[PDB]
Structure formats: C-alpha cells, structure tokens
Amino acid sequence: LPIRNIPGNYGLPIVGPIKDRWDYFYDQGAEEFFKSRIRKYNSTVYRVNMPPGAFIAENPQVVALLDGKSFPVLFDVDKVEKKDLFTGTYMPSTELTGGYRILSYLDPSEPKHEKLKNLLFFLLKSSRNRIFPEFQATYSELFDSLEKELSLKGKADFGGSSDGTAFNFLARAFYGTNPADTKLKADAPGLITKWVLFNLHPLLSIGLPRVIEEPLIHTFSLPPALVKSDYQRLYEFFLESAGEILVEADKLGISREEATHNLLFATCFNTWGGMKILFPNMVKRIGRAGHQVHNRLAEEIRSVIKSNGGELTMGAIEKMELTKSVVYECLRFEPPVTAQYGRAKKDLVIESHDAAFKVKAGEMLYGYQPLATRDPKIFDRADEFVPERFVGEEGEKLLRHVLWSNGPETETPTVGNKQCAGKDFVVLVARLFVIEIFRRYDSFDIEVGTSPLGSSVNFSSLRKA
C-alpha cells in the first residue's frame, strides 16, 4: 500500500481542543464528529483532539483508527501499551478506587495484571451453576414489574427497573447474596451511578446546555471526597459478601483489600455498567427489528427449550441460531463501549484499506469501535441491523470482526492480553436476556430516547404468549 501522511491537525493550543470538544459533545455528536472528518480528510486514519483536554487530560492529541483493518492494532500488546488509559487521555484519581490502580488500568507487563485477571476468571467460573437460576428468578421479577407499570402508566421504563435487577442478579450469581438482605438494601444502583459519574463525567454529556456543562463537568475533575462515603457502602458489601472469592485471592497472593476494591470495580463498573449500556440498547434494536423477527425468535427459543424437555441449559442455547446471531448483531451494530486507546510502544506501520501510515513511538492511538464494526468494506449492509447476520458457517467467520470485548470475538481473554475478562459471561447473559423476553412474549413495542450513557427505552406493549 502507498505510505500516506496522516491527515488532520490539532489546531491552535487551547482553542483547537475546545472547538473539537464542542463538535464532539454539542454541534456534531460523536458519530458525525468522526465521519465528517473521514469525509474531509478522505481517510479513516487521521489526527484529532479527544475530550476531555482542559485541566483533566495533559494531552488531547490522538491518532484515530476508524476502520476494521487498522483498529485491531489496539489489541496488539507487542505494539501498544495499555497502562492507565482505560478511560483515555486522562485517568480517574486512585482516590476513587481505594488508592489502587485497578486491574483495568494495568498493562499485561505488570505482574498484578496476571493475578487480578486470574481472580476474575475464578469469580466467573465459580459462579457457573448460579447464573441460570439467578438470572431467571431476578429477570422474571423485572418483567412482572414492567407488566405492572405498563398497566398503570401505558408505558414501562426499562432502565428504571433493570438497573436494580442487574445488580441483584450479579450479587446473587457472583456472591450468593441478596442485596435486600444486606445494608445496601435497594441502594446500589444510585451509589454505583454517582461513583461512575465521578469517574466518567469528563467524557459525558448529560443534556444540559454547554454553558453549564463545560465549566461543571468538562474543565476540572469532580472531587473524589464527595463520593467516598457512597463508595465505602459498596466496599463494605463486597468485603462481607465476597468470602469464597477472597480465599482464592489469598491463594493467588492478593491482599484482601486489593481483591475487594478490584471485585467492586469488576462487578460495579465493568459488569453492571456494561450491562446498563447494553441491555437497553438490545431492547431498542430488537424492538426496532419488528414483530416478524420477534415471532421467529419466540418460535426458536420455545421449540429449542421444548426439545430440551423444558430445561434451559448451556447446550440448548447453542441450538438457538437466530438468538446467538441477534446478540452478536447488537454487539456489532452498537458496541456498548466505543472508545479504545493504546500508546504505540515503538514506531509502527498501521495499514488501513487503501493506505499505510507511520506512527512514532509514544503516540496515543484511539479507535471509535462502531466505525470498525460498521466498516462497509468488511460487512455488507453495514449500517443495517440484520438479525441473521451471523447464522451459519459463513456468517460465523465474520465474528473475528466483532470487537465489543476489546478483541476479535473469535479470541479468548487471557492474562497476556487486555481483552474483556467477562467476555463469555457478557455474551451468555445477553443471550439469557433475549431468551427470557421471548419465552414470555411473542412480541413487544418500544418508545425510545437518549441517555447520557446509552439509550432510554420504554415498553409500550408486551404481547404475552
């Protein structure tokens, strides 16, 4: 391929980044922010400032990788460092996480990265026999509550009930603990939300005018001290609930304190936060796919479950072709976490589809995943949600291009990479979500809107079987 100069510029100091930040949050939004510049530069690889800049990030300058050929460089640990850039060009204060640099911020070359990731592998593996009955029991309550709300109001706010459900499910599946039986009561969603806000506010817009938002959440960090006691409530819950997992932490040579802050982060930020983005988006997309798709999903899931003697099992789910594919299409069409960063360890040649580009050691690389996963030179009808995309031998090959987990879907998280530790779990619970919906309902209608993180979704009808 021809070597090309990386297009784009960073504009003037201070003023360049601010204008790019207004574009990103207010005047264009992220998708059009990235696409308008692809069109301008005639390149899917270019230089751009990324938020937050201001006083929170020291350097907003990145090289954006916005196609599915160049983006995978971000998985390659021989090529990029993955230290302290989970949230990009800035890092939330370790005051927010008990003074620790949590697993998600550690490079694979740090020994504690191996210990902590192995701990989460154990967390997940040791919960395998609770996932099914706990998901089915807690999500059954969710849908009871949603049917109730629909009959009262004529619509049912999904996100307003499903946040509690997700956390209840995680506590019971991961720790055999019902939050209702603890001091947390039903408080966890609110505590986690505030704490996540304190972590992620430099990257978020909450719909307020820019005159308020910019000074309040985009220039300076929100003080960690103001969430410290909310965090302590969550910490004490993990300390008292994580008994069996803490013995294994002890065996792995991890302090009880470090294990607990890490278990909290993994459950509350990685898992519950990812679920908080994913499930309402799934409802939105599946809802938009229409009633014929719902009926086909319903017929598949029910038949397969009946063929399995009414028992839902891991192996039964492998039969549910459209179900597996729909889940994959949700993850491709709309990756829940869109921002992946990596610092070039050495000088690199990054190939895109029509040119190659030279980056120097130390440059921050950034990918906006939905432009890699909706890349029209990799996927046909790339901006269409196609439920059956991954069905059959030929569709399954395309999975290596589904990147939600910070790696190809065909690859496994290891202690050596930075691929999502809960990869298999996420795909599992997302499938169980679809299974629970369509073993109850032949179809549904939604009303949708925007959320600071993902989507705001209402059911306006739920057609029971």
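In case it trips you up, residue 1 is the first one in the sequence shown, and so on.
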| item | value |
| --- | --- |
| Stretch with the higher entry mean CA B-factor, where the candidates are 352-360 and 203-211 | 203-211 |
| Comparing 100-108 with 153-161, the one whose average Cα B-factor in the PDB entry is higher | 153-161 |
| Peak C-alpha temperature factor (PDB record), options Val48, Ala30, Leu432, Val45 | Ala30 |
| CA B-factor ranking of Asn168, expressed as a third of its chain | lowest |
| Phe55 by Cα B-factor - lowest, middle or highest third of the modelled chain | highest |
| Relative C-alpha B-factor of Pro2, binned into the chain's lowest, middle or highest third | highest |
| Record-listed C-alpha B factor of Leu399: chain third | highest |
| Where the record places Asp67 (Cα B-factor, split into thirds across the chain) | lowest |
